[PDB]
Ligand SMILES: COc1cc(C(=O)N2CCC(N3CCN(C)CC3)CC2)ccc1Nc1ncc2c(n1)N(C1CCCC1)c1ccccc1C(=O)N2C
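The chain that follows stands alone, in the form solved without the named molecule, written as structure tokens.
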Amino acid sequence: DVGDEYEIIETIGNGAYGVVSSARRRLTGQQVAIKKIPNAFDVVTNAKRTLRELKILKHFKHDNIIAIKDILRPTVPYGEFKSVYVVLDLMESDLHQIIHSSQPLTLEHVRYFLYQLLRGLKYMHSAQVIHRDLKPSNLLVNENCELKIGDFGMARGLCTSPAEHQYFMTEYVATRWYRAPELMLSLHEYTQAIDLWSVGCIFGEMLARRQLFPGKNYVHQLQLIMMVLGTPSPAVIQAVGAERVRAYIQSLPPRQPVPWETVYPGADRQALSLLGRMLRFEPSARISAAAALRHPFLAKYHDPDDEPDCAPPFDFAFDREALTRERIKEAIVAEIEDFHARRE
């Protein structure tokens, strides 16, 4: 059941949320995507994640971030409510599908896709939200070339609970190929700078239409980053949590960084200038999303008056709480109610 307000067309694929249904609002004919989260309250970690995503997507109001158009209200008694139905914007493709296809992808495509990504990020980052899992598949693109950041399951603030495993096991946070050196190496510096490494990776991937660091495992991933970036500094090496990784990096002959001009021959000069400001071992050495929008490479689209920040910041306190499956269900049901009490 989809509240009798919608008409289901077909089951489509989604880069950010796996499998969704293309549908239409029966009154207006407006095309939408309907995500079903089956048995949503069965497992603690899944239930916590649904709550996190709902709170994050409700807090944001930005064209480059995926929006909740509607959330279906429980039709059955409370005890029987097991599946959540979320109405999202209908996004036909994603950046993974576009990069890795026979479709055009000129420097102008790259410039415009990076612009939309950084626009959405400047806003997200000012709310003290770190996506922590940016990748081409998570950057939804529609028929009108609108890029929208989706999939906030890995998202956290500047402060995290020690009660969760990823607080210590940072190398398991997100996707290997786009995972920031501070997460790979447990450098105890976890800011929005994490996302700018991932942006750099996506930027490189758009320029060559191939993954920049497609490591086969943990060590191989580090070897790939070090083949381009060179050996990390002694300060980065001293900050490495694990003794085996630290010893492994120290066991290697020194390597100087490879110029980006050698990595991407004949690629646009301003594109490579910006890329080098993102791909740095040191998180604090990286350009912020706001300063990147000021870079000459994005001058074409850059309008400071059309690139908002997000006020107030987003608070992750709800997520640090040890909540039972029932308490999470209660908090999700209260999000549905709030979403509806804020419209009417």
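Only residues modelled in both forms are compared. Position 1 is the first residue in the sequence shown; the rest follow in order. We call the rigid core the largest set of C-alpha positions that still match within 1.5 Å between the two forms.
A.B. asks: Would you say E171 is commonly dropped, meaning unmodelled in a third or more of the other compared entries that have residues on each side of it?
C.D. replies: Across the other compared entries, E171 is absent from none.
A.B. asks: Determine if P162 is unmodelled in a third or more of the other PDB entries compared for this protein.
C.D. replies: Yes: coordinates for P162 absent from at least a third of the compared entries.
A.B. asks: Comparing 116-124 with 158-166, which has the greater mean CA B-factor as deposited?
C.D. replies: Higher mean C-alpha B-factor: 158-166.
A.B. asks: Looking only at CA atoms, which has the higher mean B factor in the entry: 318-326 or 10-18?
C.D. replies: On average, C-alpha B-factors are higher across 10-18.
A.B. asks: Could you check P312, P308, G276, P283 and tell me which one carries the biggest Cα B-factor in the deposited entry?
C.D. replies: Among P312, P308, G276, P283, the highest C-alpha B-factor in the entry belongs to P312.
A.B. asks: Taking the values straight from the PDB record, which of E80, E146, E108, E171 has the highest C-alpha temperature factor?
C.D. replies: Out of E80, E146, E108, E171, the record gives the largest C-alpha B-factor to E80.
A.B. asks: Can you tell me whether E261 has a C-alpha B-factor in the lowest, middle or highest third compared with the other modelled residues of the same chain?
C.D. replies: Highest third.
A.B. asks: Among all modelled residues of this chain, ranked by Cα B factor, put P104 in the bottom, middle or top third, i.e. lowest, middle or highest.
C.D. replies: As the PDB entry reports it, the C-alpha B-factor of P104 lands in the middle third of its chain.
A.B. asks: Among the modelled residues of this chain, does the Cα B factor of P253 put it in the lowest, middle or highest third?
C.D. replies: Highest third, going by the recorded CA B-factors of the chain.
A.B. asks: Looking at the entry's B-factor column for C-alpha atoms only, identify whether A291 ranks in the lowest, middle or highest third of its chain.
C.D. replies: Middle third of the chain for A291's C-alpha B-factor.
A.B. asks: In terms of the chain's CA B-factor thirds, is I332 lowest, middle or highest?
C.D. replies: Answer is lowest: the recorded C-alpha B-factor places it there.
One more form of this protein exists, namely the form solved in complex with the named molecule; it is left out here, but the text below deals with it.
A.B. asks: Report open or blocked for the site once the named molecule, placed as found in the bound PDB entry, has been superimposed by the C-alphas surrounding the pocket (blocked: 3 or more ligand atoms within 2.4 Å of a backbone or C-beta atom; open: none).
C.D. replies: Pocket blocked on this form.
A.B. asks: Considering non-hydrogen atoms and a 4.5 Å limit, which listed residue (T191, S137, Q221, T170) is close to the named molecule in the bound PDB entry?
C.D. replies: By the 4.5 Å criterion, the partner-contacting residue is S137.
A.B. asks: Find the only residue in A33, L298, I287, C310 having a heavy atom within 4.5 Å of the named molecule in the bound PDB entry.
C.D. replies: Checked against the cut-off, the match is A33.
A.B. asks: Residues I66, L88 and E92 are flagged as a possible site; in the bound PDB entry, is every one of them within 4.5 Å of the named molecule by some non-hydrogen atom?
C.D. replies: Every residue of the spot touches the named molecule in the bound PDB entry.
A.B. asks: Only one of these stretches, 176-184, 137-145, 199-207, 120-128, has heavy atoms within 4.5 Å of the named molecule in the bound PDB entry; which one is it?
C.D. replies: Checking each option against the 4.5 Å cut-off leaves 137-145.
A.B. asks: I'd like to check something about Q97: if you look in the bound PDB entry, is any of its heavy atoms closer than or equal to 4.5 Å to a heavy atom of the named molecule?
C.D. replies: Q97: contacts the named molecule in the bound PDB entry.
A.B. asks: So in the bound PDB entry, does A334 come within 4.5 Å of the named molecule, heavy atom to heavy atom?
C.D. replies: No - in the bound PDB entry, heavy atoms of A334 and the named molecule never come within 4.5 Å of each other.
A.B. asks: Though only this chain appears here, would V20 touch the named molecule in the bound PDB entry if you measure heavy atom gaps against 4.5 Å?
C.D. replies: Close contact exists here: in the bound PDB entry, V20 approaches the named molecule to within 4.5 Å, heavy atoms only.
A.B. asks: Out of 2-32, which residues reach within 4.5 Å of the named molecule in the bound PDB entry, heavy atoms considered?
C.D. replies: Stretch hits, in order: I12, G13, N14, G15, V20.
A.B. asks: Does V19 shift between the shown form and the other one by 2 angstroms or more at the C-alpha, the core having been superposed?
C.D. replies: Yes, shifts by 2 Å or more.
A.B. asks: Are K329 and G18 closer or farther apart at their Cα atoms in the bound PDB entry than shown, with the shift being 3 Å or more?
C.D. replies: Relative to this form, closer in the bound PDB entry.
A.B. asks: Just say closer or farther for the C-alpha distance from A16 to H302 in the bound PDB entry, relative to the shown form; it changes by 3 Å or more.
C.D. replies: Their C-alpha distance grows by at least 3 Å in the bound PDB entry.
A.B. asks: What runs of three or more residues stand out between the shown form and the other one, with each Cα shifted 2 Å or more once the rigid core is matched?
C.D. replies: Flagged stretches (3+ res, CA at least 2 Å): 13-19, 142-144, 166-175.
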